[PDB]
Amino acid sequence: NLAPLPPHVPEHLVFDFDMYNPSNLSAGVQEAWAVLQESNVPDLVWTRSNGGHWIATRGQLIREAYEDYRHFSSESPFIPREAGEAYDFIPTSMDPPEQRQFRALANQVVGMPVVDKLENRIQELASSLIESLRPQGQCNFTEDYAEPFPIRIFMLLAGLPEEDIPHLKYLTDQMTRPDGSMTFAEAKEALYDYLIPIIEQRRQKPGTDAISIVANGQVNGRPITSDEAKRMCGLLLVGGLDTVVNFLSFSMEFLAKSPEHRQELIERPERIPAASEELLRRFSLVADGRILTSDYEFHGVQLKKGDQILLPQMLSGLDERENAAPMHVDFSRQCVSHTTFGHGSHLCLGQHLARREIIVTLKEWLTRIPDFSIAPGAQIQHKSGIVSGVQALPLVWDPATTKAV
C-alpha cells in the first residue's frame, strides 16, 4: 500500500515505514520506531506508505522543525492528511499569533496554578480508584484505572455531573477507538452538542470551572464564540484521555515487569517525580507532524509546498545522540531530554496536569499495592499510531502483600 514517488524525491532517502504497522511491534512500540534510528538510516527519510511523507528520525531535526512554523505549518499536522478531515479541535491546527490567543485562555484552565489547587482532590480520586481495587489481586489496569482516572479529572475541572461519564466515555471512545457504529465526525459532533448548551448557560451564569472560564474568555480582543469555545473545550477533554490512558499503561507495564525499579520508588518515594520524567522519556508515545508552506531546503533535503513531514515526539528521547543507553530506564538519570509533550509553541497545554496525574498515580499505587505483576500467560500487545498505546494490561497480585490507607 504505497504511493507514487514524487519527482522531487530521491530514492536513496526512501525508507519503508508505516507508522500504523511497524515491523517489530511485538517487541514494544518504542522499540519498533527506534528502527528509524539504526546506524545506516539518514536523519530524514521518505516513505511511500500512508500517502507518502517525510520523517525526522533524530531529536535535533524534530526540535528544529517544531521551532519553525513558518515552513512547518500545523494546518495539516496528522498523517495521512485525510485523517485531518473533520478534525477541527482548537488550537491544534493554528499557528501564532492566533494560536497564542487560545493558549492564554487555556492556561487559565490547566496551568500550574490550577493543577496545584486540584492536586489533593486528584489524589483522593486516584486513591479511591486504587483503594476499591486492591483486595481483588487482579485487574485490567487499562480498563480498571487508566481509563476512568483522566475522564474523572475532566469532570472535576469542567464541573460536569458524574453520571455524564458513561455518555462522554462512549463518545470519546468512538473517536479514539472506533466501532463501525459511529463515525468520528458523528462522535465529535455529539460531543460539541453536549458541550454547547453548557457553554451558553455558563456564559450567562458563570462558575469557576473550566467551561465557564473558557466560555467567558476573550480571544483576539473580542468574546470567544460558542463555536470556538466548544472546539477548545472539546480538545481539553479529548487531549488528555488517550495519551494519559496509554502512557500510564506503558509505565505500569514496565513496573510490573521490573521489581527492582518498584522497590526503589517503594524505598524512596522522593524519587517518583524524577522517575516519572524518566518514564516519560522512555515510554514516549505521540507522533504527529507538520506540512510544508513552501519549497525548502532542510538539512540537505529539498521539500516542496504540500509535503507532509512526520516529526515523532517519541524519537527524540530515544535518540542515543541525546540520552546514553536510551532503552535503559535509570531513575537517577542525570540529563533526561525528550519531547514527549512535544516542542515549540504547541508543546502540550496539559503537561503540568499530565505530570501530576502520573506522580499521583505512582505515589498512590505503590503506597498501597507495592508488589504486582503481569497476568500469567498474557500476550500484552502494543498498537502504533498518532498516539501509540497498550491494548490491555491484565495485572495480578497477592492481596496479603498490599496495604490499604
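Numbering starts at 1 and follows the sequence shown.
* To do: Pick between 251-259 and 164-172: the one whose mean CA B-factor in the entry is higher.
  => In the deposited entry, the stretch with the higher C-alpha B-factor mean is 251-259.
* To do: Would you determine, from the values in the PDB entry, which of 386-394 and 6-14 has the greater average C-alpha temperature factor?
  => Per the PDB entry, the higher value belongs to 6-14.
* To do: From the list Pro42, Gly342, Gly350, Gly59, select the residue with the highest C-alpha B factor recorded in the entry.
  => Highest CA B-factor of the listed options: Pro42.
* To do: Tell me which of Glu131, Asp88, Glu200, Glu189 tops the list for C-alpha B factor in the record.
  => The listed residue with the largest C-alpha B-factor is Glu131.
* **Ranked against its chain, the third holding the CA B-factor of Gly159** => It falls in the middle third of the chain.
* Asked: Lowest, middle or highest third: where is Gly137 by C-alpha B factor in its chain?
  -> It falls in the top third of the chain.
* Chain-wide C-alpha B factor ranking for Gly300, given as lowest, middle or highest third -> Highest third, going by the recorded CA B-factors of the chain.
* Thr293 CA temperature factor, ranked by third within the chain -> Top third by C-alpha B-factor.
* C-alpha B factor of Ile266, ranked within the chain: lowest, middle or highest third? -> For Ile266, the deposited C-alpha B-factor lands in the highest third.
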